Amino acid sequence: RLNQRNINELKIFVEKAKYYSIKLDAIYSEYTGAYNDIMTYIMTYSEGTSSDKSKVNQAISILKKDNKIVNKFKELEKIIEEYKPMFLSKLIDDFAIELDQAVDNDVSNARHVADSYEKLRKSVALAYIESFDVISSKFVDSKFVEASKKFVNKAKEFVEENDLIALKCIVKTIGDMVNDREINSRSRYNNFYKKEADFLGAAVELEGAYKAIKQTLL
């Protein structure tokens, strides 16, 4: 009856986007060294600890190279094509432009490129939550829809603390629920991340609300 097609949509979204977090971690793992070389050069140059712009021109050049980072980001946008917020698309295009216009020895664009990269990485994690928000919204069940808004809001507070760590937990947690496996309410990071607990709280409320729906479709 009611809610089956809502459940199919969510199941199809979570499965399509199963690798969304690991593919974001791939961008981090590959480009973190480029980012730090920029951040470190700036702070070191900032205190008149001399100039080695080579490390920035190298950093910028490895970001630019073969459009790999832009296309890795465009892949993530397409994984959530049907639900992608406009806040993602603009930032990807703006970051492409920003990179395209980065010139050698121009250190201020560098800081800006670094800044846009960390913001874009965050937006990507926020874009998974957004998509979850759009799908969950469509459900005809007060409890699930109310559980979903708290889930979404605690997922966002978690992402503000650590985008990459939060995104990993969000994908897993919604992965587990949708695959009918018990949500684990234990902090996976032993409360090192202070927002994880509130998120898993919202998740086990969501979990009870999802289960009741599944009971209606038996």
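Numbers for residues come from their place in the sequence shown, where the first is 1.
Student: According to the deposited model, is the average Cα temperature factor higher in 159 to 167 or in 32 to 40?
Tutor: Between 32 to 40 and 159 to 167, it is 32 to 40 that shows the higher mean C-alpha B-factor.
Student: Mean C-alpha B factor from the entry: is it higher for 147 to 155 or for 56 to 64?
Tutor: Of 56 to 64 and 147 to 155, the stretch with the higher C-alpha B-factor average is 56 to 64.
Student: Which one of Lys138, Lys119, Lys90, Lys74 shows the top CA temperature factor in the record?
Tutor: The record points to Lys90.
Student: For the listed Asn184, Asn179, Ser50, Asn190, which has the peak Cα B-factor recorded in the PDB entry?
Tutor: When the deposited C-alpha B-factors of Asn184, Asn179, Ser50, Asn190 are compared, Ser50 is largest.
Student: Can you tell me whether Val134 has a C-alpha B-factor in the lowest, middle or highest third compared with the other modelled residues of the same chain?
Tutor: Lowest third of the chain for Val134's C-alpha B-factor.
Student: Using the B-factors in the PDB entry, rank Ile80's C-alpha atom against the chain and give the third, lowest, middle or highest.
Tutor: Its C-alpha B-factor belongs to the middle third of this chain's values.
Student: Would you mind ranking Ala127 by its C-alpha B-factor against the rest of the chain and naming the third, lowest, middle or highest?
Tutor: For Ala127, the deposited C-alpha B-factor lands in the lowest third.
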